[PDB]
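Visitor: File work.tsv follows (TSV, C-alpha atoms):
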chain	number	residue	atom	x	y	z
A	256	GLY	CA	20.67	-31.60	39.66
A	257	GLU	CA	23.20	-30.42	42.23
A	258	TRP	CA	23.94	-34.06	43.04
A	259	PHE	CA	25.09	-34.61	39.46
A	260	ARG	CA	26.79	-31.21	39.32
A	261	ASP	CA	28.89	-31.91	42.39
A	262	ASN	CA	29.79	-35.26	40.89
A	263	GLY	CA	31.47	-33.38	38.05
A	264	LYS	CA	28.85	-34.45	35.52
A	265	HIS	CA	26.47	-32.33	33.45
A	266	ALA	CA	22.72	-32.11	33.90
A	267	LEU	CA	19.99	-30.17	32.15
A	268	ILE	CA	16.98	-29.37	34.30
A	269	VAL	CA	13.76	-28.20	32.67
A	270	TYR	CA	11.20	-26.61	34.95
A	271	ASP	CA	7.69	-26.55	33.53
A	272	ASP	CA	6.73	-24.16	34.73
A	273	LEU	CA	7.63	-21.40	37.12
A	274	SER	CA	4.17	-19.90	36.73
A	275	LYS	CA	2.26	-22.70	38.46
A	276	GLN	CA	4.93	-22.62	41.15
A	277	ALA	CA	4.27	-18.90	41.60
A	278	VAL	CA	0.54	-19.56	41.81
A	279	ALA	CA	1.06	-22.27	44.42
A	280	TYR	CA	3.39	-20.09	46.46
A	281	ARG	CA	0.87	-17.26	46.30
A	282	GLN	CA	-1.78	-19.69	47.49
A	283	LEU	CA	0.31	-20.84	50.43
A	284	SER	CA	1.25	-17.32	51.47
A	285	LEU	CA	-2.31	-16.04	51.29
A	286	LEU	CA	-3.54	-19.03	53.23
A	287	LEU	CA	-0.77	-18.39	55.75
A	288	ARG	CA	-2.12	-14.82	55.97
A	289	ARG	CA	1.00	-13.24	54.69
A	290	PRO	CA	0.32	-9.75	53.33
A	291	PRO	CA	0.52	-9.94	49.54
A	292	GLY	CA	2.49	-7.59	47.37
A	293	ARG	CA	1.83	-6.56	43.79
A	294	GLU	CA	-0.89	-8.43	41.86
A	295	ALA	CA	-1.65	-10.25	45.15
A	296	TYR	CA	1.62	-12.15	44.84
A	297	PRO	CA	3.96	-12.51	47.81
A	298	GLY	CA	6.79	-10.02	47.97
A	299	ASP	CA	9.74	-12.41	47.90
A	300	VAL	CA	8.72	-14.35	44.80
A	301	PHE	CA	11.57	-12.62	42.98
A	302	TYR	CA	13.78	-13.94	45.77
A	303	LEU	CA	12.03	-17.30	45.39
A	304	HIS	CA	12.97	-17.72	41.77
A	305	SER	CA	16.39	-16.14	42.26
A	306	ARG	CA	17.30	-18.78	44.79
A	307	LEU	CA	15.84	-21.36	42.45
A	308	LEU	CA	17.75	-20.45	39.30
A	309	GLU	CA	21.12	-19.59	40.83
A	310	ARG	CA	21.45	-23.18	42.00
A	311	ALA	CA	22.08	-24.10	38.34
A	312	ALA	CA	25.56	-23.05	37.23
A	313	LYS	CA	28.88	-24.22	35.83
A	314	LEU	CA	31.38	-25.32	38.44
A	315	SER	CA	35.04	-24.47	38.31
A	316	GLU	CA	37.73	-27.07	37.66
A	317	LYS	CA	38.71	-27.75	41.28
A	318	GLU	CA	35.02	-28.39	41.91
A	319	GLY	CA	35.16	-31.04	39.20
A	320	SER	CA	33.88	-28.91	36.30
A	321	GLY	CA	30.32	-29.99	36.95
A	322	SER	CA	27.41	-28.13	35.48
A	323	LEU	CA	23.70	-27.75	35.99
A	324	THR	CA	21.93	-26.15	33.05
A	325	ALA	CA	18.44	-24.75	33.45
A	326	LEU	CA	15.38	-24.33	31.24
A	327	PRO	CA	12.64	-22.38	32.99
A	328	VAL	CA	9.34	-22.06	31.15
A	329	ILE	CA	6.80	-19.24	31.31
A	330	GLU	CA	3.30	-19.32	29.96
A	331	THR	CA	2.24	-15.75	29.23
A	332	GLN	CA	-1.14	-14.06	28.93
A	333	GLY	CA	-2.15	-12.79	25.51
A	334	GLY	CA	1.45	-12.18	24.53
A	335	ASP	CA	2.32	-10.07	27.55
A	336	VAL	CA	5.79	-9.63	28.98
A	337	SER	CA	4.89	-6.68	31.19
A	338	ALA	CA	3.31	-8.84	33.90
A	339	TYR	CA	4.99	-9.06	37.30
A	340	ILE	CA	6.14	-12.68	37.04
B	1	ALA	CA	-3.47	-4.39	25.91
B	2	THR	CA	-1.82	-1.95	28.28
B	3	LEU	CA	-2.72	1.68	28.72
B	4	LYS	CA	0.65	2.38	27.10
B	5	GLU	CA	-0.04	0.30	23.98
B	6	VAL	CA	-3.54	1.67	23.43
B	7	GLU	CA	-2.37	5.23	24.16
B	8	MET	CA	0.58	5.14	21.76
B	9	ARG	CA	-1.55	3.41	19.13
B	10	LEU	CA	-4.39	5.93	19.44
B	11	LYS	CA	-1.91	8.80	19.18
B	12	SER	CA	-0.42	7.17	16.07
B	13	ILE	CA	-3.84	6.83	14.45
B	14	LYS	CA	-4.67	10.46	15.31
B	15	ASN	CA	-1.47	11.45	13.53
B	16	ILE	CA	-2.50	9.22	10.62
B	17	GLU	CA	-5.91	10.87	10.31
B	18	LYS	CA	-4.35	14.33	10.50
B	19	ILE	CA	-1.92	13.42	7.72
B	20	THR	CA	-4.69	11.92	5.57
B	21	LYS	CA	-6.72	15.09	6.06
B	22	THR	CA	-3.82	17.26	4.93
B	23	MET	CA	-3.23	14.88	2.02
B	24	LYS	CA	-6.89	15.15	1.02
B	25	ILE	CA	-6.65	18.95	1.04
B	26	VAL	CA	-3.45	18.88	-1.05
B	27	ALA	CA	-5.15	16.39	-3.38
B	28	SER	CA	-8.09	18.78	-3.75
B	29	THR	CA	-5.72	21.64	-4.59
B	30	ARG	CA	-3.82	19.57	-7.16
B	31	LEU	CA	-7.10	18.28	-8.60
B	32	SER	CA	-8.42	21.82	-9.02
B	33	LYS	CA	-5.13	22.69	-10.69
B	34	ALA	CA	-5.18	19.64	-12.97
B	35	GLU	CA	-8.74	20.26	-14.17
B	36	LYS	CA	-7.45	23.35	-16.00
B	37	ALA	CA	-4.92	21.24	-17.88
B	38	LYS	CA	-7.52	18.55	-18.57
B	39	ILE	CA	-9.95	21.07	-20.08
B	40	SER	CA	-7.24	22.88	-22.06
B	41	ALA	CA	-6.07	19.56	-23.48
B	42	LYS	CA	-9.61	18.36	-24.23
B	43	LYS	CA	-10.72	21.52	-26.02
B	44	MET	CA	-7.55	21.41	-28.11
B	45	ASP	CA	-8.11	17.75	-28.93
B	46	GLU	CA	-11.76	18.24	-29.90
B	47	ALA	CA	-10.70	20.55	-32.75
B	48	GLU	CA	-8.92	17.57	-34.34
B	49	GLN	CA	-11.39	14.92	-33.26
B	50	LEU	CA	-14.38	16.71	-34.79
B	51	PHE	CA	-12.39	16.35	-37.99
B	52	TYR	CA	-12.20	12.60	-37.39
B	53	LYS	CA	-15.94	12.65	-36.81
B	54	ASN	CA	-16.28	14.28	-40.22
B	55	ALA	CA	-13.32	12.64	-41.95
B	56	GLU	CA	-14.41	9.14	-41.03
B	57	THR	CA	-10.99	7.54	-40.63
B	58	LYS	CA	-12.40	4.18	-39.60
B	59	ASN	CA	-9.78	1.51	-40.24
B	60	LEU	CA	-10.06	-2.08	-41.43
B	61	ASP	CA	-8.21	-5.26	-40.38
B	71	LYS	CA	0.45	-6.86	-34.52
B	72	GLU	CA	-0.83	-4.07	-32.29
B	73	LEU	CA	0.57	-1.37	-30.00
B	74	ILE	CA	-0.91	-0.86	-26.53
B	75	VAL	CA	-0.10	2.19	-24.39
B	76	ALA	CA	-1.28	2.47	-20.78
B	77	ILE	CA	-1.29	5.66	-18.70
B	78	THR	CA	-0.80	5.84	-14.95
B	79	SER	CA	1.71	7.73	-12.82
B	80	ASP	CA	4.79	6.66	-10.93
B	81	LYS	CA	3.11	6.99	-7.53
B	82	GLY	CA	0.10	5.03	-6.33
B	83	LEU	CA	-2.31	5.72	-3.46
B	84	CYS	CA	-5.29	6.26	-5.75
B	85	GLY	CA	-7.13	3.00	-5.16
B	86	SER	CA	-8.74	0.96	-7.93
B	87	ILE	CA	-6.96	2.66	-10.81
B	88	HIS	CA	-3.64	0.86	-11.28
B	89	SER	CA	-5.32	-2.53	-11.00
B	90	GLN	CA	-8.46	-1.50	-12.88
B	91	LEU	CA	-6.59	-0.14	-15.89
B	92	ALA	CA	-4.37	-3.24	-15.79
B	93	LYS	CA	-7.57	-5.27	-15.88
B	94	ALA	CA	-8.65	-3.40	-19.01
B	95	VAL	CA	-5.18	-4.18	-20.37
B	96	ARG	CA	-5.94	-7.81	-19.50
B	97	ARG	CA	-9.26	-7.63	-21.38
B	98	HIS	CA	-7.75	-6.23	-24.55
B	99	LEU	CA	-4.51	-8.24	-24.33
B	100	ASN	CA	-6.26	-11.59	-24.06
B	101	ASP	CA	-7.68	-10.69	-27.47
B	102	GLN	CA	-4.26	-10.04	-29.05
B	103	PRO	CA	-1.43	-11.50	-26.94
B	104	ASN	CA	1.12	-10.55	-29.63
B	105	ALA	CA	0.39	-6.85	-29.08
B	106	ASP	CA	3.49	-5.07	-27.81
B	107	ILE	CA	3.15	-2.68	-24.88
B	108	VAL	CA	4.69	0.70	-24.10
B	109	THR	CA	3.74	1.78	-20.57
B	110	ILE	CA	3.76	5.35	-19.30
B	111	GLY	CA	3.76	5.07	-15.53
B	112	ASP	CA	5.80	2.99	-13.11
B	113	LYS	CA	2.82	1.52	-11.30
B	114	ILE	CA	1.04	0.22	-14.40
B	115	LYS	CA	4.45	-1.06	-15.51
B	116	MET	CA	4.69	-3.12	-12.32
B	117	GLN	CA	1.09	-4.25	-12.87
B	118	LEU	CA	1.82	-5.38	-16.42
B	119	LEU	CA	5.38	-6.64	-16.06
B	120	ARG	CA	4.32	-9.29	-13.55
B	121	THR	CA	1.64	-10.63	-15.89
B	122	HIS	CA	3.25	-9.91	-19.30
B	123	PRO	CA	6.95	-9.02	-19.30
B	124	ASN	CA	7.14	-10.11	-22.94
B	125	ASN	CA	5.22	-7.39	-24.75
B	126	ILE	CA	6.73	-4.47	-22.84
B	127	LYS	CA	9.45	-2.82	-24.92
B	128	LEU	CA	9.56	0.81	-23.76
B	129	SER	CA	8.85	2.39	-20.38
B	130	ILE	CA	8.36	6.06	-19.57
B	131	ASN	CA	9.26	7.40	-16.15
B	132	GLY	CA	9.22	10.74	-14.38
B	133	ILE	CA	5.62	11.61	-15.16
B	134	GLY	CA	3.13	11.96	-12.33
B	135	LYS	CA	4.78	14.85	-10.50
B	136	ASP	CA	3.11	17.55	-12.61
B	137	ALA	CA	0.42	18.25	-15.12
B	138	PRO	CA	1.78	16.93	-18.44
B	139	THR	CA	2.94	19.41	-21.04
B	140	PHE	CA	2.80	19.23	-24.81
B	141	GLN	CA	6.60	19.42	-24.81
B	142	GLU	CA	6.68	16.12	-22.90
B	143	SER	CA	3.88	14.50	-24.89
B	144	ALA	CA	5.27	15.52	-28.28
B	145	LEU	CA	8.70	14.35	-27.15
B	146	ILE	CA	7.42	10.90	-26.21
B	147	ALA	CA	5.42	10.71	-29.45
B	148	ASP	CA	8.67	11.50	-31.26
B	149	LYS	CA	10.32	8.67	-29.33
B	150	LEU	CA	7.61	6.26	-30.50
B	151	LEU	CA	8.51	7.01	-34.12
B	152	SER	CA	12.18	6.76	-33.18
B	153	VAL	CA	12.58	3.52	-31.22
B	154	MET	CA	9.24	1.81	-31.81
B	155	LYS	CA	8.09	3.15	-35.23
B	156	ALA	CA	4.36	2.93	-34.56
B	157	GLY	CA	3.51	3.97	-38.12
B	158	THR	CA	4.57	0.46	-39.07
B	159	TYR	CA	2.06	-0.85	-36.55
B	160	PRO	CA	-1.43	-1.40	-38.03
B	161	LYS	CA	-3.56	-0.83	-34.93
B	162	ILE	CA	-2.77	1.46	-32.00
B	163	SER	CA	-4.73	1.59	-28.74
B	164	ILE	CA	-4.25	4.16	-25.98
B	165	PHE	CA	-5.38	3.21	-22.48
B	166	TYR	CA	-6.14	6.11	-20.17
B	167	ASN	CA	-8.42	6.74	-17.23
B	168	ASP	CA	-11.58	8.77	-17.74
B	169	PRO	CA	-12.88	10.52	-14.63
B	170	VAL	CA	-16.61	10.00	-15.06
B	171	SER	CA	-17.18	12.08	-11.93
B	172	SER	CA	-15.06	13.17	-9.00
B	173	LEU	CA	-16.40	10.08	-7.20
B	174	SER	CA	-16.27	7.74	-10.21
B	175	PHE	CA	-13.92	6.89	-13.05
B	176	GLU	CA	-13.39	4.70	-16.11
B	177	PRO	CA	-10.42	2.97	-17.73
B	178	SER	CA	-10.94	3.96	-21.33
B	179	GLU	CA	-9.65	3.00	-24.76
B	180	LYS	CA	-8.80	5.36	-27.60
B	181	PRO	CA	-7.95	4.08	-31.09
B	182	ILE	CA	-5.31	5.76	-33.22
B	183	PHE	CA	-5.51	5.49	-36.99
B	184	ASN	CA	-2.24	5.45	-38.89
B	185	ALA	CA	-1.67	7.82	-41.78
B	186	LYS	CA	-2.09	4.90	-44.19
B	187	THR	CA	-5.71	4.76	-43.03
B	188	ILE	CA	-6.00	8.55	-43.41
B	189	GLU	CA	-5.69	8.51	-47.20
B	190	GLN	CA	-7.82	5.35	-47.27
B	191	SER	CA	-10.61	7.09	-45.38
B	192	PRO	CA	-13.96	7.33	-47.20
B	193	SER	CA	-14.91	10.82	-45.97
B	194	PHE	CA	-11.48	12.12	-46.79
B	195	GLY	CA	-11.60	13.51	-50.31
B	196	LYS	CA	-14.35	15.78	-49.03
B	197	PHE	CA	-11.56	17.59	-47.22
B	198	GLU	CA	-9.24	19.36	-49.64
B	199	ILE	CA	-5.66	18.25	-49.07
B	200	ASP	CA	-2.37	18.88	-50.82
B	201	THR	CA	-0.75	15.74	-52.18
B	202	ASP	CA	2.64	17.47	-52.12
B	203	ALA	CA	2.97	18.33	-48.43
B	204	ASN	CA	2.93	15.01	-46.43
B	205	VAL	CA	-0.15	16.24	-44.55
B	206	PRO	CA	-1.38	12.74	-43.46
B	207	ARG	CA	2.14	11.66	-42.50
B	208	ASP	CA	2.49	14.69	-40.22
B	209	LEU	CA	-1.12	14.95	-39.06
B	210	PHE	CA	-0.85	11.36	-37.84
B	211	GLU	CA	2.09	12.45	-35.69
B	212	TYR	CA	0.07	15.45	-34.53
B	213	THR	CA	-2.84	13.13	-33.73
B	214	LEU	CA	-0.51	10.85	-31.76
B	215	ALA	CA	0.88	13.79	-29.79
B	216	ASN	CA	-2.55	15.24	-29.02
B	217	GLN	CA	-4.09	11.93	-28.02
B	218	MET	CA	-1.10	11.16	-25.82
B	219	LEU	CA	-1.41	14.59	-24.18
B	220	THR	CA	-5.15	14.13	-23.71
B	221	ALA	CA	-4.69	10.64	-22.27
B	222	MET	CA	-2.03	11.86	-19.85
B	223	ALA	CA	-3.89	15.00	-18.77
B	224	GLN	CA	-7.06	12.95	-18.34
B	225	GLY	CA	-5.69	9.93	-16.48
B	226	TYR	CA	-3.68	12.35	-14.35
B	227	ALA	CA	-6.83	14.13	-13.21
B	228	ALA	CA	-8.58	10.77	-12.80
B	229	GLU	CA	-5.72	9.60	-10.59
B	230	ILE	CA	-5.88	12.71	-8.43
B	231	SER	CA	-9.68	12.35	-8.20
B	232	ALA	CA	-9.55	8.73	-7.05
B	233	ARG	CA	-6.60	9.58	-4.80
B	234	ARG	CA	-8.57	12.37	-3.15
B	235	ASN	CA	-11.45	9.92	-2.75
B	236	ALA	CA	-9.13	7.34	-1.18
B	237	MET	CA	-7.68	9.86	1.27
B	238	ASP	CA	-11.21	10.91	2.21
B	239	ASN	CA	-12.10	7.27	2.89
B	240	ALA	CA	-8.89	6.92	4.88
B	241	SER	CA	-9.72	9.95	7.03
B	242	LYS	CA	-13.22	8.55	7.60
B	243	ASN	CA	-12.00	5.07	8.56
B	244	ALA	CA	-9.28	6.53	10.78
B	245	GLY	CA	-11.84	8.66	12.58
B	246	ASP	CA	-14.06	5.63	13.16
B	247	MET	CA	-11.17	3.57	14.49
B	248	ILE	CA	-10.16	6.46	16.76
B	249	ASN	CA	-13.73	6.47	18.04
B	250	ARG	CA	-13.40	2.79	18.92
B	251	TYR	CA	-9.95	2.87	20.49
B	252	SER	CA	-10.73	5.95	22.58
B	253	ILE	CA	-13.48	3.95	24.28
B	254	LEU	CA	-11.08	1.03	24.63
B	255	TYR	CA	-8.58	3.46	26.17
B	256	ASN	CA	-11.08	4.76	28.70
B	257	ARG	CA	-12.14	1.27	29.75
B	258	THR	CA	-8.49	0.26	30.03
B	259	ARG	CA	-7.59	3.28	32.16
B	260	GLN	CA	-10.54	2.81	34.50
B	261	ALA	CA	-9.80	-0.91	34.82
B	262	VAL	CA	-6.12	-0.25	35.59
B	263	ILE	CA	-6.87	2.29	38.32
B	264	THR	CA	-9.56	0.05	39.80
B	265	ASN	CA	-7.43	-3.11	39.71
B	266	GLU	CA	-4.46	-1.47	41.38
B	267	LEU	CA	-6.76	0.10	43.97
B	268	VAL	CA	-7.98	-3.44	44.68
B	269	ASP	CA	-4.44	-4.46	45.60
B	270	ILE	CA	-4.01	-1.30	47.65
B	271	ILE	CA	-7.12	-2.20	49.65
B	272	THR	CA	-6.24	-5.89	49.91
B	273	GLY	CA	-2.93	-5.02	51.51
B	274	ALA	CA	-4.79	-2.72	53.88
B	275	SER	CA	-7.35	-5.49	54.34
B	276	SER	CA	-5.06	-8.04	56.02
B	277	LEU	CA	-3.82	-5.79	58.80
B	278	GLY	CA	-3.51	-6.65	62.47
Would you mind writing the file's structure down as C-alpha cells?
Guide:
Amino acid sequence: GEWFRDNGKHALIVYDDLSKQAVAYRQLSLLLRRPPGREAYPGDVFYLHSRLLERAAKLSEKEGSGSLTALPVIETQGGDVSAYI
Amino acid sequence: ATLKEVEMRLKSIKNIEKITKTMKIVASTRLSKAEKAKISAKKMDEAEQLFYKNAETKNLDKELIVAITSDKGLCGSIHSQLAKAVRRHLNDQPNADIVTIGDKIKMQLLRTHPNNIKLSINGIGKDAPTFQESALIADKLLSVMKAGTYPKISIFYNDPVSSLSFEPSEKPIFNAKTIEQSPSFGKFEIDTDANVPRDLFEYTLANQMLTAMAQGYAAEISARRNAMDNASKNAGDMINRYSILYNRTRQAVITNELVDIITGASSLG
C-alpha cells in the first residue's frame, strides 16, 4: 500500500483480521519463550498494531498527495468490547 | 458477561423488586380504601335494584356501550380482558356506539373500532369515584349523547370475584320508556304528574355508573396488587439466579487473572 501511496495514488487496504494476527504473534512469542503480558498476549501487541495502522495515512501535497486508507477488522466474543485486543 | 454487567444488573433488579414491594403495599392500602367505596356504592345501588327485581323492567327489542377502566394500566389482564368482552358484545351489534371511561380501554377500543367511539372520559383512576363525578357524567350523556333516545344501554365494568380473581361484567340499563311499559310496574303506586320514570331513569343511570366505576376501580386495584405481587416474586427468583451467576463470574475472574499472574511467574529464569 505504501508503494501506491508514495506514487501519489490512493489505495484502500482491508486487513481481515487483526485478531488472527494477534493470535499468531502470541504463538510466536510464547514459542520464543517471551514472557507474556495480560491474557497471555505479548506486551507490545499494542505497539504491534500501532506500527501497523500508522503506516496508512494521507500524504501531503509535496509528497504527491498519496493516500493509504485502512480497514481493520475485529471479530469479537459474545459482543464484548472490553477484551484486551 | 463481566462482573460489572452482572453486578449493575443485579443491583438494578434488586431496586426493581424493592419498588414492586412498595408498590404492592401501596396497592394494598388503596385497595383497602377502595373497598369502602365499593361497598357504600353497592349497598346504595341494591336499594334501587331490588326495586328492579320487583318492578320487572325487562325490555323488548342502535345501542350504547360504556366500558370502565382507568387512565393508568399495570393491572394485568383487565384492559385487554374487558376489551375482549367489548369485542364479544360488539361483534353482535357493530352499529353500537361507544362511550369509554378510561384512557387505557379507549386505546384498546380505538385501535379496533375508532368508528363507534363518540365520547371519552378522562381524569378518573386517581381516586375513588364520587357521586358528584358519576352524576355529572350521567348528565353529560343526556347532554351530548342523549342516551334516552337509545333503545338498549350496556355498561361494561369489572367485577372482582375475589382478590385473586375478577370478571368483566355487563349491566343492562332500561330506558324510562321501558319503565312505564314494565309488567310489574302498576303494582308500584306512581304519580303520573311528576315525571318519576323520566327522572328515576337518570337516577338509575347515575347509580349504575357509580357502581360500575367503584367496582371496576377496586377490581383494577385488586388485579394490580396481584400483578405487583407476581412481579416481586419473579424479581426475587431472577435475583436468586443472577446472584449465583455473579458468584461464578467473580470466582472465575479472580482465578483466570491469577492464572496469568502465575504464568508470568512460571517462565522465569
Visitor: Which residues of chain A come within 7 Å of chain B, and for each one, what is the closest pair of atoms and their distance in Å to one decimal, counting only C-alpha atoms, sorted by chain and residue number, as a tab-separated table?
Guide:
residue	atom	partner	partner_atom	distance
A:290	CA	B:273	CA	6.0
A:291	CA	B:273	CA	6.3
A:293	CA	B:269	CA	6.9
A:294	CA	B:269	CA	6.5
A:295	CA	B:269	CA	6.4
Visitor: Please, what distance in Å, to one decimal, runs between CA of residue 152 (chain B) and CA of residue 210 (chain B)?
Guide: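 Computed distance, CA of residue 152 (chain B) to CA of residue 210 (chain B), equals 14.6 Å.
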Visitor: Using only C-alpha atoms, which protein or nucleic acid residues come within 10 Å of residue 14 (chain B)? Drop anything in the same chain fewer than 2 positions from it, and give the result as a VMD selection string.
Guide: chain B and resid 8 to 12 16 to 20 241 244 to 245 247 to 248
Visitor: Rank B:188, B:223, B:52, B:193 by their smallest atom-to-atom distance to residue 207 (chain B), using all atoms listed in the file, and report the top residue only.
Guide: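 Among the listed residues, B:188 lies closest to residue 207 (chain B).
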Visitor: Between B:233, B:71, B:259, B:43, which one has atoms that come closest to residue 125 (chain B), using all atoms listed in the file?
Guide: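 Residue with the minimum atom-to-atom distance to residue 125 (chain B): B:71.
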Visitor: With all atoms listed in the file as the counted atoms, please give the residues lying no more than 6 Å from region 310-321 of chain A, apart from itself and same-chain residues fewer than 4 positions off, as a ChimeraX atom specification.
Guide: /A:260-261,263-265
Visitor: Would you mind reading off the distance between CA of residue 5 (chain B) and CA of residue 333 (chain A), one decimal, in Å?
Guide: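 Distance between the two atoms: 13.3 Å.
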Visitor: How many Å separate CA of residue 215 (chain B) from CA of residue 111 (chain B)?
Guide: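 Going from CA of residue 215 (chain B) over to CA of residue 111 (chain B) covers 17.0 Å.
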Visitor: List the neighbours of residue 274 (chain A) out to 9 Å using only C-alpha atoms; skip same-chain residues closer than 2 positions along the sequence, and give me the result as a CSV table (one decimal) with C-alpha atoms, keeping the file's coordinate frame.
Guide:
chain,number,residue,atom,x,y,z
A,271,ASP,CA,7.7,-26.6,33.5
A,272,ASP,CA,6.7,-24.2,34.7
A,276,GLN,CA,4.9,-22.6,41.2
A,277,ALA,CA,4.3,-18.9,41.6
A,278,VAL,CA,0.5,-19.6,41.8
A,279,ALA,CA,1.1,-22.3,44.4
A,328,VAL,CA,9.3,-22.1,31.2
A,329,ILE,CA,6.8,-19.2,31.3
A,330,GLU,CA,3.3,-19.3,30.0
A,331,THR,CA,2.2,-15.8,29.2
A,340,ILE,CA,6.1,-12.7,37.0
Visitor: Can you tell me, as a VMD selection string, what residues are no more than 7 Å from residue 178 (chain B) when counting only C-alpha atoms, ignoring any on the same chain fewer than 6 positions away?
Guide: chain B and resid 165 to 168
Visitor: Tell me which of B:147, B:75, B:128, B:108 sits closest to residue 180 (chain B), counting all atoms listed in the file.
Guide: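 Going through B:147, B:75, B:128, B:108 one by one, the smallest distance to residue 180 (chain B) is for B:75.
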Visitor: Just checking: using all atoms listed in the file, which residue out of B:120, B:182, B:74, B:49 ends up closest to residue 101 (chain B)?
Guide: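 Checking each candidate against residue 101 (chain B), we get B:74 as the closest.
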Visitor: Hey, what's within 8 Å of residue 255 (chain B) if we count only C-alpha atoms and toss same-chain stuff fewer than 4 positions away? As a list in words, please?
Guide: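 Surrounding residues, per the criterion: residues 3, 6, 7, 251 and 259 of chain B.
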Visitor: Please give the centre and size of the box around region 313-322 of chain A (axis-aligned, containing every atom listed in the file, 5 Å added per side), with values in Å to one decimal and written as AutoDock Vina command-line options.
Guide:
--center_x 33.1 --center_y -27.6 --center_z 38.7 --size_x 21.3 --size_y 16.8 --size_z 16.4
Visitor: Would you be able to write out as a PDB file with C-alpha atoms, in the coordinates of the input which residues have an atom within 12 Å of (-5.8, -7.0, -27.5) in the file's coordinates, counting all atoms listed in the file?
Guide:
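This is the output file result.pdb:
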ATOM      1  CA  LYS B  71       0.450  -6.860 -34.520  1.00  0.00           C
ATOM      2  CA  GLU B  72      -0.830  -4.070 -32.290  1.00  0.00           C
ATOM      3  CA  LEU B  73       0.570  -1.370 -30.000  1.00  0.00           C
ATOM      4  CA  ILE B  74      -0.910  -0.860 -26.530  1.00  0.00           C
ATOM      5  CA  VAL B  75      -0.100   2.190 -24.390  1.00  0.00           C
ATOM      6  CA  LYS B  93      -7.570  -5.270 -15.880  1.00  0.00           C
ATOM      7  CA  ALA B  94      -8.650  -3.400 -19.010  1.00  0.00           C
ATOM      8  CA  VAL B  95      -5.180  -4.180 -20.370  1.00  0.00           C
ATOM      9  CA  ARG B  96      -5.940  -7.810 -19.500  1.00  0.00           C
ATOM     10  CA  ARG B  97      -9.260  -7.630 -21.380  1.00  0.00           C
ATOM     11  CA  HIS B  98      -7.750  -6.230 -24.550  1.00  0.00           C
ATOM     12  CA  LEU B  99      -4.510  -8.240 -24.330  1.00  0.00           C
ATOM     13  CA  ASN B 100      -6.260 -11.590 -24.060  1.00  0.00           C
ATOM     14  CA  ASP B 101      -7.680 -10.690 -27.470  1.00  0.00           C
ATOM     15  CA  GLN B 102      -4.260 -10.040 -29.050  1.00  0.00           C
ATOM     16  CA  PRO B 103      -1.430 -11.500 -26.940  1.00  0.00           C
ATOM     17  CA  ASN B 104       1.120 -10.550 -29.630  1.00  0.00           C
ATOM     18  CA  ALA B 105       0.390  -6.850 -29.080  1.00  0.00           C
ATOM     19  CA  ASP B 106       3.490  -5.070 -27.810  1.00  0.00           C
ATOM     20  CA  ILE B 107       3.150  -2.680 -24.880  1.00  0.00           C
ATOM     21  CA  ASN B 125       5.220  -7.390 -24.750  1.00  0.00           C
ATOM     22  CA  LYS B 161      -3.560  -0.830 -34.930  1.00  0.00           C
ATOM     23  CA  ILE B 162      -2.770   1.460 -32.000  1.00  0.00           C
ATOM     24  CA  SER B 163      -4.730   1.590 -28.740  1.00  0.00           C
ATOM     25  CA  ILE B 164      -4.250   4.160 -25.980  1.00  0.00           C
ATOM     26  CA  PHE B 165      -5.380   3.210 -22.480  1.00  0.00           C
ATOM     27  CA  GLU B 179      -9.650   3.000 -24.760  1.00  0.00           C
ATOM     28  CA  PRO B 181      -7.950   4.080 -31.090  1.00  0.00           C
TER      29      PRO B 181
END
